[PDB]
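Numbering starts at 1 and runs along the sequence shown. Values below: all heavy atoms of this structure, side chains included; hydrogens, waters and symmetry mates excluded.
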Amino acid sequence: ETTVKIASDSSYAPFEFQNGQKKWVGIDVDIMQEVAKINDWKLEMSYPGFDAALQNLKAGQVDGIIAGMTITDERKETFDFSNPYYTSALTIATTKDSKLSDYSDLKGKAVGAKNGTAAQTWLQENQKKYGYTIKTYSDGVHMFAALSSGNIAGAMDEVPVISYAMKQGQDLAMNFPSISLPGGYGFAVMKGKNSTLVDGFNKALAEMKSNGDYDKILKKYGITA
């Protein structure tokens with residue numbers, strides 16, 4: 001009878017984004033809506049931005065997150081996750097005119113990531129190996145504005161998000177290797193809390209994968225998994 005409050009990122013096409021009429025759409029939006037329908041939940045979406053969503057979840061202000069959020073072992077110390085619903089892979093986006101193409105080219109350069117993200121964690125873990133500096137951003141609009149302006153030499157983010165932006169004509173390229181994160185994207189709750197939501201997400205996701213509806217969602221955004 002209570003409302004299920006789910007927070008998401010503010011600009012993360014094709015997973016959550018505003019269309020030309022300002023309506024919130026995307027793969028995550030459609031999946032969560034159909035999960036709620038299957039479970040007869042009252043769903044309340046919010047789109048505060050990824051790191052803000054994490055803070056709201058930690059505060060109990062929302063009950064869960066869906067936001068292209070990679071499942072990782074370190075994250076499982078703080079969150080419980082659903083089964084994965086999409087593959088996860090990171091790469092360094094540059095402008096199209098950049099000639100940087102290998103991680104070794106980043107020595108002494110600034111590389112961006114969004115605060116709270118698996119991308120930020122990768123940059124921290126690999127800084128001693130490659131020797132860049134790290135800049136962090138509240139959301140994708142700020143990170144990619146830093147990239148386009150030239151204040152960072154690269155921006156680490158998910159391959160499907162960068163690719164989709166490129167297909168819209170944005171001044172982005174993917175010259176670097178991809179980093180597979182095997183956990184995939186998951187629906188997240190605070191660890192030890194809201195198991196009813198995780199269970200409902202898992203059962204609905206399996207039904208949607210089995211019955212073809214998951215694939216129809218991806219098709220709306222041009223994608224065959």
Taking side-chain contact (heavy atoms from CB on, under 4.5 Å) as the test, write out the residues that go with [X], two or more places apart.
X	answer
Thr72	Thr70, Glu74, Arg75
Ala110	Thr133, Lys135, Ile152
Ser163	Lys167, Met174
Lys129	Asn126

In a table with atom names and distances, give each donor-acceptor pair under 3.5 Å that connects a side chain of residues 53-69 to protein atoms at least two apart or in another chain.
{"unit_1": "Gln55", "atom_1": "NE2", "unit_2": "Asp51", "atom_2": "O", "d": "3.1"}
{"unit_1": "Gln55", "atom_1": "NE2", "unit_2": "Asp51", "atom_2": "OD1", "d": "3.1"}
{"unit_1": "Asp63", "atom_1": "OD2", "unit_2": "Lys5", "atom_2": "N", "d": "2.9"}

task: Any pair with a residue in residues 18-58 that passes ring pair (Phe, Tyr, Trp, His ring centres under 6.0 Å), sequence neighbours left out, goes on the list, sorted by first then second residue, please.
output: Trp24-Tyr47
field: Side-chain donor or acceptor of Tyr132 paired with backbone N/O of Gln127 under 3.5 Å
entry: yes
statement: Quick note, side chain to side chain donor-acceptor pair (under 3.5 Å) partners involving residues 12-22, not counting sequence neighbours, are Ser8-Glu16, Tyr12-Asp157
- request: Name all residues meeting the salt bridge (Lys or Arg N to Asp or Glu O under 4.0 Å) criterion together with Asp30; count only those two or more places apart in sequence or in a different chain, and write none if there are none.
  value: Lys220
message: Applying salt bridge (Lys or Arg N to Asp or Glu O under 4.0 Å), can you list everything that pairs with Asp9, at least two apart in sequence or on another chain?
response: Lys114
task: State which residues pass side chain to side chain donor-acceptor pair (under 3.5 Å) with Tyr137; sequence neighbours excluded, sorted by chain then number.
output: none
message: Please determine whether side chain to side chain donor-acceptor pair (under 3.5 Å) holds for the pair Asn151 and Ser149, giving the CA-CA distance in whole Å, both sets of side-chain angles, and the decisive distance to 0.1 Å.
response: CA-CA 6 Å; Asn151 296 120; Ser149 77; 2.5 Å; yes
message: So, using ring pair (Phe, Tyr, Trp, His ring centres under 6.0 Å) as the criterion, who are the partners of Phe176 when residues are at least two apart?
response: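 If we apply the ring pair (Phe, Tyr, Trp, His ring centres under 6.0 Å) test to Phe176, skipping adjacent residues, the hits are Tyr103.
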- prompt: For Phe15, what residues pass the ring pair (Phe, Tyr, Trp, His ring centres under 6.0 Å) criterion, not counting sequence neighbours?
  reply: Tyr86, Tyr185
